[PDB]
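S.K.: Here it is, the structure, as structure tokens.
Right, here's the structure in full:
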């Protein structure tokens, strides 16, 4: 089964080609995931200089197949069921009173490595706003539970959740996520009952890293059934 591919530690590679208000950037990430613990340890670097947007706004875009689905919920794990062929993950992220990200990604196995290749398009961002102005706290932000629902029409799922970024000096910048995932292959997948993913993240910095970067720790676990 697809879940058998996640029994141990799996290496991860991430690639993101971004474009925000016509300003292009590129991020390369790598690390490992341990679905048994819903644990992700990843590091991301910008290869194109300082990012035009804050790192926290890219976290959700930069591998939910590593969520821990407890034994009693494994029937509802769409992400692993679509492996190894993978799935397309599309999102529209509305930043309240600001621009929006539109993202399309392929999450699939290349060899023994889980790969996440992303194309991101951002438009309508305010130069004097919280995003382009880099006013979002690096760890001052909390992510609501990722509420997942089946999308039988497309043999996939949909997800909805808000990310709440603390603004430096006060305030919260909301990011409304609208998500859709579709399998790449034709094989049968697991269409889940309503549930959610509980997430916990920690951003940090590598003191040896010279490039604009983000060290990333995440725990993600399924619940709600």
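In the entry's author numbering, the protein residues as written are 3 to 64, 68 to 230. Cβ atoms here follow ideal geometry from the backbone N, Cα and C, with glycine treated the same way.
For residue 9, name the three-state secondary structure that DSSP assigns.
M.R.: Along the chain shown, read from residue 1 onward, the residue named residue 9 stands at position 7. Residue 9 falls in the coil class under three-state DSSP.
S.K.: To the nearest angstrom, report how far apart residue 206 and residue 56 are at their CA atoms.
M.R.: Translated into the one-based positions of the chain shown, residue 206 becomes position 201. Translated into the one-based positions of the chain shown, residue 56 becomes position 54. Whole-angstrom Cα-Cα distance: 16 angstroms.
S.K.: Comparing alpha-carbon positions, which option in 228, 21, 47, 183 lies nearest residue 29?
M.R.: Against the chain shown, residue 29 aligns to sequence position 27. Of the candidates 228, 21, 47, 183, the one whose C-alpha sits nearest the C-alpha of residue 29 is 47.
S.K.: Under the assumption that residue 68 contacts residue 112 (Cβ atoms under 8 angstroms), give the Cβ distance between them as a whole number of angstroms.
M.R.: Taking the chain shown and counting its residues from 1, one reaches residue 68 at position 63. Taking the chain shown and counting its residues from 1, one reaches residue 112 at position 107. Rounded, the Cβ-Cβ distance is 6 angstroms, consistent with contact.
S.K.: Give the range of the alpha helix (DSSP H) segment to which residue 131 is assigned.
M.R.: Position 126 of the chain shown holds residue 131. Per DSSP, residue 131 belongs to no alpha helix (DSSP H) and is neither H nor E.
S.K.: Tell me the residue span of the beta strand (DSSP E) that contains residue 107.
M.R.: For the purposes of this step, residue 107 is taken as the residue at position 102 of the chain shown. It spans 105-115 - the beta strand (DSSP E) in which residue 107 sits, taken as one unbroken run.
S.K.: Whole angstroms are fine: how far does the CA of residue 96 sit from the CA of residue 223?
M.R.: By one-based count along the chain shown, residue 223 stands at place 218. By one-based count along the chain shown, residue 96 stands at place 91. Distance between the alpha carbons of residue 223 and residue 96 is about 20 angstroms.
S.K.: Tell me where the alpha helix (DSSP H) around residue 84 begins and ends.
M.R.: The residue you call residue 84 lines up with position 79 of the chain shown. Element bounds for residue 84: 83-86.
S.K.: Going by DSSP, name the residue or residues bridged to residue 56.
M.R.: By one-based count along the chain shown, residue 56 stands at place 54. Bridge partners of residue 56: none, in fact.
S.K.: Mapping the DSSP letters down to three states, classify residue 102 as helix, strand or coil.
M.R.: Taking the first residue of the chain shown as position 1, residue 102 is located at position 97. Here residue 102 sits in coil by DSSP.
S.K.: Using the Cα positions of residue 148 and residue 168, report the straight-line distance between them to the nearest angstrom.
M.R.: On the chain shown, position 143 is the one that residue 148 refers to. On the chain shown, position 163 is the one that residue 168 refers to. Straight-line Cα distance between these residues: approximately 5 angstroms.
S.K.: Quick check on residue 164: does DSSP put it in helix, strand or coil?
M.R.: Reading the chain shown from its first residue, position 159 is the one you call residue 164. DSSP places residue 164 in strand when its eight states are reduced to three.
S.K.: Counting C-beta neighbours from all protein chains within 10 Å, is the total for residue 192 16 or more, i.e. buried, or is it exposed?
M.R.: Taking the chain shown and counting its residues from 1, the one referred to as residue 192 is at position 187. Exposed, since its Cβ has fewer than 16 Cβ neighbours within 10 Å.
S.K.: Using three-state DSSP, classify residue 180 as helix, strand or coil.
M.R.: Along the chain shown, read from residue 1 onward, the residue named residue 180 stands at position 175. In the structure shown, residue 180 sits in a strand (DSSP, three-state: E or B).
S.K.: Could you tell me whether the stretch 175-187 touches the stretch 3-19, using the rule of 3 or more Cβ pairs below 8 angstroms?
M.R.: They do not touch, by the three-pair rule.
S.K.: Please confirm whether residue 33 and residue 43 have their CB atoms less than 9 angstroms apart.
M.R.: Within the chain shown, numbered from 1, the residue matching residue 33 stands at position 31. Within the chain shown, numbered from 1, the residue matching residue 43 stands at position 41. Yes, the Cβ-Cβ distance between residue 33 and residue 43 is below 9 angstroms.
S.K.: Take residue 100 as the anchor and find which of 216, 162, 136 has the nearest alpha-carbon.
M.R.: Within the chain shown, numbered from 1, the residue matching residue 100 stands at position 95. Checking every option, the nearest Cα to that of residue 100 belongs to 136.
S.K.: If you run the structure through DSSP and keep just helix, strand and coil, what is residue 49?
M.R.: Locating residue 49 in the chain shown gives position 47, where the first residue counts as 1. Coil.
S.K.: Indicate whether residue 119 and residue 14 have their beta-carbon atoms separated by less than 9 angstroms.
M.R.: Residue 119 sits at position 114 when you count from the first residue of the chain shown. Residue 14 sits at position 12 when you count from the first residue of the chain shown. For residue 119 and residue 14, yes; Cβs fall inside 9 angstroms.
S.K.: Could you work out which residue in 107, 190, 145 is closest to residue 86 when comparing CA atoms only?
M.R.: Looking up residue 86 in the chain shown gives position 81. Ranking the options by Cα distance to residue 86, first place goes to 190.
S.K.: Just the C-alpha distance for residue 79 and residue 230, rounded to the nearest angstrom, thanks.
M.R.: As a working note, residue 79 is residue 74 in the chain shown. As a working note, residue 230 is residue 225 in the chain shown. Whole-angstrom Cα-Cα distance: 11 angstroms.
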